[PDB]
Amino acid sequence: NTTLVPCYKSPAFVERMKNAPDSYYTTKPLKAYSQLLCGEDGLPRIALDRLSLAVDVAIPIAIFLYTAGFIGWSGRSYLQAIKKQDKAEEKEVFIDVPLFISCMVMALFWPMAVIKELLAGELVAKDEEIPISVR
Amino acid sequence: XXXXXXXXXXXXXXXXXXXXXXXXXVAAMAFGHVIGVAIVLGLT
Amino acid sequence: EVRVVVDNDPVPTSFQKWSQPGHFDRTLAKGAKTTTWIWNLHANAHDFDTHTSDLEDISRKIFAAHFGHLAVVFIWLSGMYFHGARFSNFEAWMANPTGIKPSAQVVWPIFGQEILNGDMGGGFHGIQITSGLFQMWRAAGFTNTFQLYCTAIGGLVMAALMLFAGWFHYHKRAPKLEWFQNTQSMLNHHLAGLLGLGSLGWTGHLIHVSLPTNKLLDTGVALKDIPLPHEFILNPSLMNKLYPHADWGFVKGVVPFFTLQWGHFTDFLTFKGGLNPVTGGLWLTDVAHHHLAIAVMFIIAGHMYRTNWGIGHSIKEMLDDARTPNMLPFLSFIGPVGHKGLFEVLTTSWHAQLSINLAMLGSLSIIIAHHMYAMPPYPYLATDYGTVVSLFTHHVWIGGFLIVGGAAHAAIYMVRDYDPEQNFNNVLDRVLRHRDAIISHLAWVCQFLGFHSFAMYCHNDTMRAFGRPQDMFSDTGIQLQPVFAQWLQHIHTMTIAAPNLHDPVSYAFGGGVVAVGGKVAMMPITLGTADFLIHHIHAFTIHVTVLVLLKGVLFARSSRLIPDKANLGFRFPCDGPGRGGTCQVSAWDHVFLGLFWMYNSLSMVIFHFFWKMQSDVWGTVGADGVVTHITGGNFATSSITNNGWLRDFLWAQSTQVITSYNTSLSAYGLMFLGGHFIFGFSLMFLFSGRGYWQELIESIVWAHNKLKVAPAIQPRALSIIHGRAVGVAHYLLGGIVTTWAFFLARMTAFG
Amino acid sequence: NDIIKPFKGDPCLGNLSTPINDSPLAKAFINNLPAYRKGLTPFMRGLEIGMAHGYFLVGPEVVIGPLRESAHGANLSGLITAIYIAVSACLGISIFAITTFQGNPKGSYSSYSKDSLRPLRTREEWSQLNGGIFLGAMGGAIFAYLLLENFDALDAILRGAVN
Amino acid sequence: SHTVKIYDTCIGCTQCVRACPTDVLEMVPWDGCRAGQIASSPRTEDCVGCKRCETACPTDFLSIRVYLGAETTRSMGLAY
Amino acid sequence: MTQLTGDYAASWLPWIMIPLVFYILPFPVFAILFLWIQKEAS
Amino acid sequence: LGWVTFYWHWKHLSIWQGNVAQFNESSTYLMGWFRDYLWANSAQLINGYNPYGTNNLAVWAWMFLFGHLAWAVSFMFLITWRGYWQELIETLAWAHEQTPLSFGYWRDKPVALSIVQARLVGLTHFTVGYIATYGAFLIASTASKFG
Amino acid sequence: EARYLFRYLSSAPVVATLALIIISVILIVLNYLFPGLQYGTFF
Ligand code: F6C
Ligand code: CLA
Ligand code: CLA
Ligand SMILES: CC1=C(/C=C/C(C)=C/C=C/C(C)=C/C=C/C=C(C)/C=C/C=C(C)/C=C/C2=C(C)CCCC2(C)C)C(C)(C)CCC1
Ligand SMILES: CC1=C(/C=C/C(C)=C/C=C/C(C)=C\C=C/C=C(C)/C=C/C=C(C)/C=C/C2=C(C)CCCC2(C)C)C(C)(C)CCC1
Ligand SMILES: CC1=C(C/C=C(\C)CCC[C@H](C)CCC[C@H](C)CCCC(C)C)C(=O)c2ccccc2C1=O
Ligand SMILES: [Ca+2]
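Residues numbered from 1 in each chain as written, not as in the entry; some residues may be left out. Chains lettered and ligands numbered in written order. Part of a larger assembly, values for the part shown. Heavy atoms only, no water. Residues with missing side-chain atoms left out of burial classes, pairs and counts.

Method of determination, as annotated in the archive: cryo-EM, at 2.96 Å resolution.

For chain H, the name recorded in the PDB entry is Photosystem I reaction centre subunit IX / PsaJ, with Fischerella thermalis PCC 7521 as its organism. Recorded in UniProt under Subcellular location (unreviewed entry), the annotation for chain H is "Cellular thylakoid membrane". UniProt's Sequence similarities (unreviewed entry) comment on chain H is quoted here verbatim: "Belongs to the PsaJ family." (UniProt positions renumbered as here; feature names shortened; annotations may be inferred.)

As annotated in the PDB entry, chain B is Photosystem I reaction center subunit PsaK from Fischerella thermalis PCC 7521.

Below, the structure is given as structure tokens:
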């Protein structure tokens with residue numbers, strides 16, 4: 001797309017700078033919006049061009065997907081940590097915070113943990129392990 | 001004050017409101033003020 | 001014989017049971033097999049009548065829990081005075097209480113929400129509060145923020161006493177049942193020691209703090225020349241230029257009370273009965289006289305019942321003597337038994353008491369709302385139009401929730417505490433024994449009013465659309481005049497028997513217009529056809545709310561469908577799909593439906609209020625005397641079609657909350673959308689059932705079993721009753737936040 | 001002792017003997033209304049019920065109807081309302097009689113029903129009722145129409161204006 | 001006129017009969033249980049359809065089914 | 001204008017059929033259609 | 001389809017009135033959908049009849065309010081369920097039997113309508129109120145700005 | 001006694017409520033990283 005131009009060269013967005021108070025919020029952030037692909041209305045936008053933004057449409061996605069899996073992995077690995085203890089019925093209502101923290105430090109390097117979960121055939125339960133309905 | 005003297009209202013209470021129900025274990029001298037003050041303020 | 005009897009250290013004080021939640025129920029205290037256990041732990045936390053069985057131990061929980069509740073109110077009261085102390089423009093608002101807007105609760109600069117700190121006048125940036133705290137602290141005599149702060153301190157230490165008193169009365173000295181069951185002694189102390197001494201204490205404050213302080217504040221002394229409230233008593237000569245007809249000395253100034261020469265008090269205990277025209281509130285001298293009259297009349301009331309000195313009344317056989325050898329002949333139909341066995345109802349069961357005490361605290365809260373607009377007691381209250389609406393609206397809603405809760409426990413009493421043997425042929429049993437004639441005639445009057453209130457709005461909506469405004473129920477078409485209410489408006493203004501009240505109480509009734517800061521404090525509120533029709537909407541919606549709630553009380557025990565509805569409990573979803581379907585037959589499900597009807601009824605009451613003030617009462621006065629109302633007589637002509645309600649009230653008056661972005665009213669715009677989300681979100685729980693949702697969890701539990709991440713707290717969809725409770729809790733939450741946002745954005749955009 | 005008894009002495013019946021349904025005055029009034037008067041053919045039951053209703057049904061349309069503004073046209077709009085309400089009402093009780101009396105009426109019109117509040121249980125009795133209700137509600141409507149269209153002529157003769 | 005069928009998975013726990021508000025169910029002798037009993041439904045025109053019998057059956061995916069069918073004057077519970 | 005008229009041909013025909021199919025015929029129709037749904041199967 | 005047709009209508013209502021920059025600058029947040037589409041374009045719909053007259057939108061203003069009632073009455077069949085109404089009809093059936101001069105009697109016993117039927121009766125009102133309200137909005141908000 | 005208390009403090013909701021209180025980096029991190037932080041801005 002070529003309708004989007006940087007807020008450097010955008011008549012509708014310098015007008016945003018002109019009538020801007022400061023107070024904390026419309027100078028320090030608004031200078032940083034000058035590097036964004038900026039529409040014909042003076043509004044920063046998220047476009048998907050090519051390698052020009054191929055790293056910037058990967059910083060949020062890598063930061064989220066890592067820490068979403070980090071929450072998911074620590075939460076998952078804490079569940080099997082207490083199923084094997086045979087105490088998982090009340091181990092869940094009363095969080096064992098030393099065990100849960102030790103399951104979080106296992107989840108820092110979770111992307112390489114899931115691979116050896118998968119390559120060991122251990123991440124995913126086999127189909128006739130799973131309670132199902134009549135079907 | 002001088003006159004007023006609403007001790008007649010209490011005397012008309014102690015000799016009348018001592019025929020209540022229990023009448024044992026004096027509120028007529030409490031009631032005689034309620035009647036007494038109301039009347040003297042009700043005729044001034 | 002009234003006595004103090006207590007136990008000694010009945011319940012130990014340890015955290016043994018904190019670590020094992022659900023201990024109060026044996027079913028809960030065996031493990032969390034499913035997530036239903038989590039919700040049952042909260043829906044049962046306060047039902048003390050199912051934790052234990054003996055009334056002695058139940059009543060000790062009630063009494064100790066009240067103390068922890070009073071602690072919570074004192075924490076909240078402390079927060080109000082603390083915010084009025086160091087986060088408010090209360091100092092500025094005392095100097096000029098017309099152009100300065102009341103505001104506590106400033107907003108932190110983060111997330112761009114500093115925009116909510118709007119300009120309040122005087123260079124203070126905050127949020128315009130509509131709680132009326134400032135108008136109440138001025139009437140209490142507060143002048144500086146140190147007095148507010150030390151009252152906040154005085155409330156935190158007062159909350160600590162409530163917490164200690166609750167622990168002390170459950171874990172150290174818990175009273176026995178004999179101490180609780182002498183309700184006849186409790187009435188003596190609550191009537192005399194609490195309400196009598198409380199209003200005697202307050203009229204002590206009014207005369208010695210509020211009356212002098214508000215005397216000088218009306219002459220414009222600007223918070224320098226205001227003496228501190230104690231300097232009025234340490235310097236008794238200071239209150240002789242004010243109220244000179246008294247004497248004002250320690251002993252020399254009080255003896256007119258004892259020698260009954262009360263004429264010296266006529267200058268500060270007046271009976272003017274109107275609105276103080278410089279502030280718009282009631283005369284504080286007239287208020288101080290009121291509390292003294294109330295105090296004397298409540299202390300007297302507290303000597304009615306018989307404690308251990310023989311003299312007094314016995315409620316027990318005042319009730320038992322309301323049989324029918326001795327009644328008026330026209331109401332002699334209530335049984336040879338009459339009221340026997342009914343003193344044991346209101347003594348051996350707390351739900352019987354809670355049902356009455358809620359239905360009267362709810363009705364009191366609505367009465368209070370009607371009285372604090374028609375005769376504002378606080379200085380500069382009536383002119384703060386955002387506070388008048390938000391105080392009426394708050395107390396109508398609070399009063400309507402409490403009324404529904406009085407009908408809840410009237411039904412929990414029936415299916416838990418109702419005893420057939422003590423209630424044979426008495427006044428309660430004879431109601432259940434004809435409960436089809438009560439509901440038939442309630443369901444008919446609900447339906448008579450439904451056509452004759454709402455369907456006349458659809459008559460008007462159709463003649464005005466046809467272009468026949470001369471055959472619509474207008475003031476110009478077929479007039480429906482409130483004949484019996486315009487008569488009372490005439491009675492209440494010609495009586496100024498009651499001759500001493502030379503100033504008409506409640507300018508609403510008639511006579512005069514009060515304009516304080518140019519804005520009208522109070523005007524006569526005339527009644528026309530639009531007020532006939534809106535008052536029968538009120539009658540209609542109140543009746544159906546009564547019909548829903550009374551049906552749940554009378555048919556709580558049994559019906560013709562389910563003769564054993566009492567064994568199923570108070571809170572059960574249904575009795576299966578038989579008999580065609582018995583969904584929502586419980587008494588709980590009539591509280592759940594009465595909550596919707598309370599919402600319908602009260603949201604029509606506050607809409608009747610909000611539009612009738614903007615069109616007929618509120619407004620501004622120019623330099624001639626004419627009043628330009630906020631909407632300008634809009635109610636009389638356009639509130640008679642419920643298209644007029646949608647365009648001249650809902651569409652027109654929402655301009656302030658719709659166009660509120662990028663302004664200080666921005667948060668009311670978000671709440672107004674937030675309330676719309678929650679209402680629509682509620683309908684997920686109301687329109688659907690948990691068979692769909694449980695069968696959806698199974699497909700989602702499978703996706704977790706596949707990745708070996710299933711929980712052992714098995715996910716269950718919410719109960720049928722739980723899902724109905726969630727639906728009504730969100731419908732009422734969302735539908736009120738949208739009304740709260742709409743009222744306050746409209747009236748903080750004006751004044 | 002108590003004034004509210006079980007209904008005719010049977011405690012199991014779903015009613016009460018109350019001053020409204022079982023009073024000497026209230027029984028005397030209701031049981032002599034034409035619906036319940038002993039000794040009436042069903043025609044005279046309906047004829048007297050009909051005329052009471054056709055008479056008052058012309059009222060609510062001649063003074064708050066759409067034609068109330070004029071005088072001669074108001075009375076037409078009130079009469080035809082009573083014509084239409086009664087014709088549709090008498091259509092209702094012809095089709096009520098057809099559909100309830102079909103061999104063993106399910107309900108209060110069974111042979112072994114012993115119900116006093118509705119004594120017309122035959123279909124020989126509901127057909128004269130229909131004729132009475134109709135011809136009554138028509139004559140009552142006309143009589144209230146003739147008295148209203150001649151109101152100026154009738155106001156004079158109850159004021160002595162005709163000498 | 002509902003249809004309360006009983007299946008061979010009963011254990012003679014007797015709980016289904018107690019829950020029935022209209023006495024449709026009763027126990028007959030049997031041999032497929034330690035209890036030697038099984039539920040039967042001789043009075044199903046009296047079945048109101050409440051399924052209160054199904055709530056009491058403890059066998060997983062319960063042995064007694066109410067099959068809501070042709071609803072008549074006594075299977076809908078009408079006092080009028 | 002202040003009346004219902006018709007420029008279209010046979011303008012007298014809505015004058016009678018709007019009363020017919022809407023408030024004169026339906027009550028006979030709802031009576032016939034009532035006699036059909038409540039007849040004994042003897 | 002109350003999102004598809006709302007989006008179709010507002011996008012075209014901005015092109016048709018020439019104010020294309022109204023949809024582009026205010027459809028990205030939900031208040032713009034609520035202030036610039038529903039509140040803005042209702043103005044001539046609800047003024048189809050006012051105290052001062054009546055115009056060609058008086059029927060659309062009436063069906064718009066008709067569909068609000070048909071929608072609201074759906075909530076009755078969807079929120080309150082069957083057994084509430086059977087205990088209330090059982091009471092009205094008592095009243096009819098015990099009252100004088102009421103000579104009619106039901107050929108078939110009045111019962112509260114069934115569970116799966118109210119879900120259908122309430123779904124019909126929700127649908128009719130969804131279609132009459134938006135049909136009246138869409139017709140009147142488009143045929144009033146324009147020809 | 002201070003053994004049952006510390007188990008209560010880590011039970012179910014107090015861990016969850018504290019977690020949401022501890023998840024208040026979105027208040028500190030977005031207070032001094034020039035609060036406006038949109039996707040193309042932060043590195
Ligand atoms: C015949 C038959 C019959 C009779 C007689 O016989 C009757 C009667 C009664 C009495 C007694 C009473 C009172 C009355 C009054 O007030 O008001 C009016 C109303 C009406 C409705 C009125 C009506 C009357 C008649 C019906 C008339 C006729 C009409 C025409 C004939 C039609 C036409 C025909 C053609 C074909 C269409 C009543 C009532 C009630 N309902 Mg009752 N009905 C009946 C029917 C029906 C049906 C179908 C239904 C469904 C819709 C119902 C419903 C109801 C309800 C909700 C209620 C109520 O609320 C009420 C009560 O409960 O109380 C308390 N219900 N209800
Ligand atoms: C706007 C939607 C709506 C409407 C019209 C109604 C209407 C009604 N409700 Mg309901 N309710 C609603 C929403 C609604 N409710 C919702 C959303 C809930 C959820 C909580 C409930 C819950 C509820 C309960 C629990 C109860 C009711 C009851 C009632 C009835 C009250 C009796 C009455 O008013 O007589 C008047 C009738 C009306 C006002 C309906 C409109 C009448 C129009 C204007 C006249 C029609 C003209 C003509 C007849 C048209 C026919 C022409 C022909 C061609 C068909 C009534 C029919 C109560 C009841 O049953 O009373 C005994 C009852 O207990 N409602
Ligand atoms: C289905 C197509 C259809 C529809 C929706 C209408 C609709 C209408 N017509 Mg009709 N009409 C039609 C076909 C239709 N017409 C045909 C083919 C003829 C030629 C004979 C006529 C001749 C006609 C006349 C003379 C008049 C109308 C009039 C009217 C209006 C008032 C209602 C009425 O009295 O009509 C009366 C009905 C008829 C005269 C017969 C039409 C019936 C058609 C032939 C079949 C309809 C049955 C349908 C297919 C089955 C569905 C039933 C059910 C499943 C819903 C109304 C807008 C009146 C008017 O002008 O309003 C101002 C008027 O007086 N129409
Ligand atoms: C309950 C009661 C009451 C009420 C009553 C009422 C309700 C009323 C009424 C009334 C009425 C409502 C009456 C009426 C009437 C009528 C009549 C009297 C009629 C008639 C008629 C005629 C005579 C007709 C004739 C004809 C024919 C038939 C045909 C041809 C034509 C002509 C016209 C000739 C009271 C309270 C008071 C008291 C007592 C009891
Ligand atoms: C990049 C890009 C894109 C695209 C994307 C795509 C298109 C994709 C895809 C993809 C795919 C195709 C996927 C997937 C999947 C499959 C599967 C099969 C899975 C899974 C998973 C799992 C297995 C998980 C696991 C886990 C974890 C990881 C952690 C937590 C725990 C759990 C277990 C959850 C976009 C445009 C957006 C943006 C820009 C660029
Ligand atoms: C949606 C819905 C459900 C499902 C409702 C559910 C599942 C409730 C959802 C609440 C969620 C599950 C809250 C859980 C919070 C977790 C503990 C996550 C917290 C973890 C962080 C704090 C770390 C019903 O069960 C239901 C029943 C009857 C009528 C209508 C409905 C209905 O509409
Ligand atoms: Ca007219």
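Next comes the rest of the write-up.
What should I look at first to understand the overall build of chain B in this one?
A tally of helices and strands in chain B yields 2 helices and 0 strands. Each of the three principal axes of chain B carries a C-alpha extent, and together these read 35 × 15 × 15 Å. (Helix = DSSP H or I, 4+ residues; strand = E, 2+ residues; numbered from the N terminus.)

How do you make sense of the coordination of the calcium ion (ligand 7) when you look at a structure like this?
Six octahedral donors at a metal ideally form angles of 90 or 180 degrees, and four tetrahedral donors ideally form angles of 109.5 degrees. Only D471(C) (OD), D471(C) (OD), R68(D) (NH1), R68(D) (NH2) and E69(D) (OE) from the protein coordinate the calcium ion (ligand 7), and they sit 2.2 to 2.9 Å from it. In this pair, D471(C) is assigned in the loop between α17 (435–466) and α18 (483–494) and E69(D) in the loop between α3 (59–62) and α4 (72–100), connecting two distinct chains. Residue classification places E69(D) among the exposed positions, given a relative accessible area of 61%. (Donors = N, O, S within 2.8 Å, 3.2 Å for Na, K, Ca; no water. Buried < 20%, exposed > 50% of the residue type's maximum accessible area, 1.4 Å probe, protein only.)

Sorry if this is basic, but what is going on with the sheet that holds strand β1 (residues 5–6) of chain A here?
To summarise the sheet geometry, strands pair through backbone hydrogen bonds and adopt either a parallel or an antiparallel arrangement. Residue and element names in this part refer to chain A. With antiparallel pairing, the 3 strands of this open sheet are ordered in space as β1-β2-β3. Either end of the sheet is taken by a strand with one partner, and the two such strands are β1 and β3 (44–45). Here β1 runs beside strand β2 (residues 37–38); their pairing, made up of 2 bridges, is antiparallel. If you follow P6 over to β2, its bridge partner there is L37. (Pairing = 2+ DSSP bridges.)

What is the right way to read the arrangement of the chains from this model?
Here 12 pairs of chains make contact, and the pair sharing the most contacts is chains C and G. Taking C-alpha atoms as the reference, chain A and chain B come no closer than 60 Å and do not contact one another. The least C-alpha distance between chain B and chain D, which are not in contact, is 30 Å. (Contact = heavy atoms within 4.5 Å.)

Explain the interface of chain C and chain G to me, please; I cannot follow it from the model alone.
Quoted interface sizes are often the accessible area lost when the parts come together. Listed as interface residues are 54 residues of chain C and, on the opposing side, 39 residues of chain G. Counting the surface lost from both chain C and chain G, the interface buries some 4,100 Å², and carbon and sulfur atoms represent 71% of this. The largest per-residue losses of area from chain C upon contact with chain G belong to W651(C), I658(C) and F687(C), which jointly make up 16% of the total buried on that side. Linking chain C with chain G are 2 salt bridges. Between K551(C) and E87(G) there is a salt bridge, and its shortest N-O distance comes to 4.0 Å. Linking chain C with chain G are 15 residue pairs in polar contact. Counting only elements with at least two residues in the side of chain C that touches chain G, the list comes to α17, α19 (529–554), α20 (588–617), α21 (634–638), α22 (644–653), α23 (655–658), α24 (666–687) and α26 (720–748) of chain C. Per-element tally for the side of chain C that touches chain G: the top contributor is α17(C), with 10 residues. Along the lines of polarity and charge, the residues of the side of chain C that touches chain G split into 27 nonpolar, 18 polar and 9 charged. (Buried area = accessible area lost by both parts, 1.4 Å probe. Salt bridge = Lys/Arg side-chain N within 4 Å of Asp/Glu carboxyl O. Polar contact = N/O pair within 3.5 Å; in protein donor to acceptor, adjacent residues only side chain to side chain. Nonpolar A, V, L, I, M, F, W, Y, C, P; charged D, E, K, R; others polar.)

When you look at the interface of chain D and chain G in this model, what are you seeing that I'm missing?
Taken together, the contacts link 19 residues of chain D with 13 residues of chain G. In total, chain D and chain G occlude about 1,400 Å² of area from one another, counting both sides; carbon and sulfur atoms represent 54% of this. When the area that chain D buries against chain G is broken down by residue, the three leading residues are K106(D), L117(D) and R118(D), summing to 37%. Viewed at the interface, chain G and chain D are joined by 0 salt bridges. Joining chain D to chain G, the criterion identifies 8 residue pairs in polar contact. By residue number, the principal contributor to the side of chain D that touches chain G is α4(D), which donates 3 residues.

Explanation requested: the packing of aromatic side chains in the structure shown.
Note on aromatic pairs: each is described by the distance of the centres and the angle between the planes. Per the stated rule, a full pass over the model turns up 92 aromatic pairs over all chains. Each ring, one from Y84(G) and one from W85(G), has its centre 5.0 Å from the other, and the planes form 85°; the classification is edge-to-face. Of the residues examined, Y84(G) reaches a relative accessible area of 4% and is grouped as buried. Put simply, the rings of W397(C), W588(C), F592(C), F596(C), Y599(C), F679(C), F687(C), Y731(C), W71(G), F75(G), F126(G) and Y130(G) pair up and form one aromatic cluster. (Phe/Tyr/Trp six-rings, centres within 6.5 Å; stacked < 30°, edge-to-face > 60°.)

Just to check I follow, could you spell out the site of ligand 4 for this structure?
Residues and elements named next belong to chain D. Looking at ligand 4, the residues that line it are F29, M51, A52, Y55, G139, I142 and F143. When ligand 4 sits alone it has 960 Å² of accessible area, and the protein chains cover 33% of it. Only α2 (42–57) and α5 (125–149) provide two or more residues apiece to the shell around ligand 4. (Near = heavy atom within 4 Å. Areas by Shrake-Rupley, 256 points an atom, 1.4 Å probe, with all protein chains shown as cover.)

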